[PDB]
DNA sequence: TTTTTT
Ligand SMILES: Nc1ncnc2c1ncn2[C@@H]1O[C@H](COP(=O)(O)OP(=O)(O)O)[C@@H](O)[C@H]1O
Ligand SMILES: Nc1ncnc2c1ncn2[C@@H]1O[C@H](COP(=O)(O)OP(=O)(O)O)[C@@H](O)[C@H]1O
Ligand SMILES: Nc1ncnc2c1ncn2[C@@H]1O[C@H](COP(=O)(O)OP(=O)(O)O)[C@@H](O)[C@H]1O
Ligand SMILES: Nc1ncnc2c1ncn2[C@@H]1O[C@H](COP(=O)(O)OP(=O)(O)O)[C@@H](O)[C@H]1O
Ligand SMILES: [Mg+2]
Ligand SMILES: [Mg+2]
Ligand SMILES: [Mg+2]
Ligand SMILES: [Mg+2]
């Protein structure tokens, strides 16, 4: 356990302690996470996270493309209508699926901002090291959060990387331009 | 417990650990489960979950067909009226009984899909992997939800794999999908 | 403990362990309940919970008969009006007392079915295993729930086993479902 | 520990253990609680709880009589306008202070009844074991509740054991039977 | 921790246990809370609370004399317009600031009585043991509540131990208390 | 160990405890947190909070000026149009944006006073320690309320420190404050 | 954490 802290407080936690020291992590699993969170070494983030937004009527393979995006080993699916990010003890595809506006708008913005973040799970907090958020929906992206219920709708628009609509029941087409309020 | 951790590392199932070495699994059960979560060898889902829907007036014998279907030992009779799936911890009949829509719409769509999902318990989250869901009702699925308060109701009918009915005081005659609505 | 776990895995009931060696159940009590949940030997229900309904104006001795139906060591008196089956860790008799309709309709339909059920306790889940639900009321089962606001009022009546009624200020006489809407 | 388990399982609730071997109750406290709840010997109430109402205009030394009815070690003064019984853990005499009608009717009946009951606390449940409910009030029991919203007001008066009143005299005089409805 | 228990059962305050024993409170911090809560001996109010109503038009240092009452540290400041006494943790001075009547009339009649009470906090209840309730206001105690809405009605104007007005922009003159209804 | 408490009682911060002695912070972390939360008095406030009102015609670069008052990383941007200061931890710029009269009058008068206050989130309370409140509005502070509904009625302007205005497309001019009702 | 709380 003396060596356990030494390995823990280098980088890349807790995945590498659990890989390297399996026995000592069966015990103290709450405490290693608390020590790491207390110190300023939770592997923070400085990269603008990519946001891909998909729109199309159901049955048009919205989520199929999200599944076929990166390796399934390194993919997380946000369970909807639930503000708990349990299961994020790996990382870095995050596919919030089948959206209808069920997240607090400010937090949704915070996930799409550039600053570091720490989401909360059942039994502590976990750093949010995302690189591509595939926000998959079925409706127009504007309607998710009403303009009266939001201080500024354009703030959400600013951090979108790319957007995809659906064509006349044949093709997935990429939306390019200012058909709606652009960024 | 080093043997127990190694025999968890490759098998990746707490059920096996509890079968082999109960004593260690009794003393440190949060630790083993969290180690399994962090090491990434969890059990995601990549298969379509069949949704057999039974409809009939009460007393006709809907639920006895669910209670005899797969095995008395591998069916999880879902606790009703609430979003808690406690005690589930693996496997693969999930029988939501006596349903009339008392589950959130988006979550009911998400239970009946091919892509992964973590489901919520009193203490944390247990991954969802169901090879077949049996839904028992008194109304037809056309009126489980408000057809106006739901954006696109075709996205539920598209997931049901078989809609079994009750005919005029004779038997449970399986209906054929795609006739009255999609299936 | 090494023997206590052995008893637990094959008795299938934490009550047994709690009575044999309490001292090794005072410690490691979460562990045993989680081994029992994982191993699958947690006890389900597959029998029919025969439901007795008692009616009569107040003070006529409804509750006394309910306390004289089984040993007080086993009768679990349901807490009123608040849908929390706390204090239940089993055994046969359940006396929901002084009933007037303070339970959701589907829960009253589903307690009395023959198939497994899990009830909520205050921060957990308890499996339901009763063999007799003595409902005690001042009103006939008609006046528990309004007919219009109920999918089918005949569903509850099918599950009532016996109906004892107080008449003519002498003594309560068992009914046979003739005058009442029969079962 | 087996001494603590002796004093617990043989007879009583956690209070007796707390009074006998505190150093064995600062440790193992959650597990003694679960052993008690699973053993089944958690003290029910099988007796009749006397109900002494006190009526008098504000300032007549109403509550002085209640605080002098029994030793302050065994008086639980219920907080007002709540359904919560927090902190109770068994306190023989229960003085509902200045009670103008802020408790549900059937719940007030069940407190004054003579058969088991488990009252609710913030995040748990506690078995009711009172023996003398002193209902200090301002009006006669005929003004606590209205006959419109009540099945039958006699159903409460049947349980008021004694009834002290204040009239135009410095003494408090008991009520011999009922000039109003009989108790 | 033998000394810690004997010190806790006498002083009845966890803060004292921590200060007189840091090391053995870092471990067994939950157990000491449960031992205190179950054993009894919790410090309950058995004295009279000394109400000091401070009244005058705004800007005259109503709050200045409120915080002047020693100490600046041991003075709970009641949250405005609210029900929950959150975080109170045991003080001796309670300064309800800038009152209008927001606390229910009966709750204010009960805060100033001479008997134990249990206030509500968001997640539990905390015993209320206060020796002076500085009710800063802007009106006299006559017009805090409507003349007819109060049913008692002379039960607040009994317990007002002190009173201070503010005269014509000169100084805070202690009201003699005789002109109004007596205190 | 023992020296952890020695280094905690002379720091007042857990961060240094983790830095110098992490090995005994991986264990016992819950108890150091409770010890700090129970031995150190909650942080009150005694400092007049500056209230810089920003007013102008809509869209005049008000929000950028608001963020430019101090560091955005320690700036709140209170969720508008409700009464839940979702913690935010104490963050000592407070920018209430687009205020147009929706907080209660006395609550706003209290938020800008020299004496402690505790705003409430959902499921708890957070101490309110703000060195600056930035009320960004649309129209004059006298139109936020009418003098009929507000029986103070000029008590807010004492609390306003300064005023920032936008003249006819020149700049965000800082108000004299000497023409209108004084500051 | 869930419960409570909203
Ligand atoms: N192995 C497979 N075989 C056949 N079809 C597949 C397979 N995997 C994915 N699909 C198709 O992917 C589509 C996913 O679309 P959909 O279920 O509408 O997404 P969502 O429900 O998230 O909007 C389905 O129409 C399904 O037919
Ligand atoms: N002991 C028995 N004897 C005869 N029939 C029975 C018995 N137990 C159950 N049944 C039948 O089994 C069927 C299924 O029971 P149940 O699942 O409670 O009804 P439902 O199908 O309406 O949910 C009912 O139609 C009932 O008549
Ligand atoms: N041990 C006993 N000895 C004598 N009489 C008893 C005993 N237990 C109960 N009783 C009688 O039984 C009756 C039960 O009353 P109660 O439970 O209020 O009826 P209900 O709950 O049906 O209205 C009481 O009136 C009481 O006189
Ligand atoms: N410990 C005590 N010492 C002195 N007097 C007391 C004590 N306890 C109660 N009293 C007296 O009892 C009376 C109780 O009055 P109060 O509680 O206001 O009315 P009620 O009891 O009708 O609510 C007071 O006038 C007080 O003088
Ligand atoms: Mg979808
Ligand atoms: Mg059924
Ligand atoms: Mg009864
Ligand atoms: Mg009183």
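Quick look at the values:
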read-out: Filtered residues of the range C:47-77 (kept if within 10 Å of ligand 7 (Cβ to nearest atom), over 25 Å from residue D:183 (Cβ atoms) and more than 12 Å from the chain's Cα centre (by Cα)); value: C:54
read-out: Test result for residue F:88, within 19 Å of residue A:151 (Cβ to Cβ), surrounded by 20 or more Cβ atoms within 10 Å (Cβ to Cβ) and without any contact (Cβ under 8 Å) to a residue 40 or more places away in the chain; value: no
read-out: Subset of the range F:98-107 that is crowded, with 18+ Cβ neighbours inside 10 Å and within 14 Å of chain E (Cβ to nearest Cβ) - its residue that is farthest from residue A:148 (Cα to Cα); value: F:106
read-out: Yes/no for residue A:94 being under 30 Å from residue B:153 (Cβ atoms) and touching a residue at least 40 places away in the same chain (Cβ under 8 Å); value: yes
read-out: Residues of the range A:81-99 satisfying the condition of being within 14 Å of the chain's Cα centre (by Cα) and within 16 Å of DNA strand G (Cβ to nearest atom); value: A:82, A:83, A:84, A:85, A:86, A:87, A:88, A:89
read-out: Residue in the range C:49-65 that is crowded, with 17+ Cβ neighbours inside 10 Å, within 30 Å of residue B:61 (Cα to Cα), more than 16 Å from ligand 3 (Cβ to nearest atom) and in contact (Cβ under 8 Å) with a residue 24 or more places away in the chain present; value: yes
read-out: Residues of the range A:15-30 satisfying the condition of being facing another protein chain (nearest Cβ under 9 Å) and assigned to a loop (DSSP other than H, G, I, E, B); value: A:27, A:28
read-out: Checklist (1) within 13 Å of another protein chain (Cβ to nearest Cβ); (2) within 16 Å of ligand 2 (Cβ to nearest atom); (3) on the phi > 0 side of the Ramachandran plot applied to residue B:95, failing item; value: (3)
read-out: Residue count for the range D:108-150, restricted to those that are more than 13 Å from the chain's Cα centre (by Cα) and more than 7 Å from chain C (Cβ to nearest Cβ); value: 16
read-out: Selection status of residue E:143, without any contact (Cβ under 8 Å) to a residue 40 or more places away in the chain, under 24 Å from residue E:65 (Cβ atoms) and in a loop (DSSP other than H, G, I, E, B); value: yes
read-out: So residue F:127, is it closer than 25 Å to residue E:64 by Cα and not in a loop (DSSP other than H, G, I, E, B); value: yes
read-out: Any chance residue E:95 is closer than 30 Å to residue E:40 by Cα and touching a helix residue (DSSP H, G or I) at 6+ places or on another chain (Cβ under 6 Å); value: yes
read-out: Residue match in the range C:48-69 (condition: within 16 Å of ligand 2 (Cβ to nearest atom) and part of a loop (DSSP other than H, G, I, E, B)); value: yes
read-out: Checklist (1) closer than 28 Å to residue B:68 by Cβ; (2) within 13 Å of ligand 1 (Cβ to nearest atom) applied to residue B:116, failing item; value: (1)
read-out: Scan of the range F:151-183 for residues that are outside the structural domain of residue F:106 (by TED's automatic domain parsing), surrounded by 11 or more Cβ atoms within 10 Å (Cβ to Cβ) and more than 16 Å from residue F:54 (Cβ to Cβ), ordered by number; value: F:181
read-out: Condition met for residue C:90 (within 21 Å of residue D:106 (Cβ to Cβ), part of a loop (DSSP other than H, G, I, E, B), more than 16 Å from ligand 8 (Cβ to nearest atom) and more than 14 Å from chain B (Cβ to nearest Cβ)); value: no
read-out: Residue D:79 being within 12 Å of chain E (Cβ to nearest Cβ), within 16 Å of ligand 8 (Cβ to nearest atom) and surrounded by fewer than 20 Cβ atoms within 10 Å (Cβ to Cβ); value: no
read-out: The lone exception for residue C:74 - which of (1) part of a loop (DSSP other than H, G, I, E, B); (2) out of contact with any strand residue (DSSP E or B) (no Cβ under 7 Å at 6 or more places or on another chain); (3) surrounded by fewer than 18 Cβ atoms within 10 Å (Cβ to Cβ) it fails; value: (2)
read-out: Any hit, the range C:31-41, residues being more than 7 Å from every other protein chain (Cβ to nearest Cβ) and either assigned to a loop (DSSP other than H, G, I, E, B) or within 16 Å of ligand 6 (Cβ to nearest atom) (or both); value: yes
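To keep it simple, each residue is scored yes or no on (1) out of contact with any helix residue (DSSP H, G or I) (no Cβ under 9 Å at 6 or more places or on another chain); (2) farther than 19 Å from residue B:24 by Cβ; (3) in contact (Cβ under 8 Å) with a residue 12 or more places away in the chain.
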site	(1), (2), (3)
C:7	no, no, yes
C:22	no, yes, no
C:67	yes, yes, yes
C:70	yes, yes, yes
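All of this is worked out from the model, or read from it or from the source named; these are not laboratory values. Backbone-built Cβ (ideal geometry, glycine too); neighbour counts: all protein chains shown.
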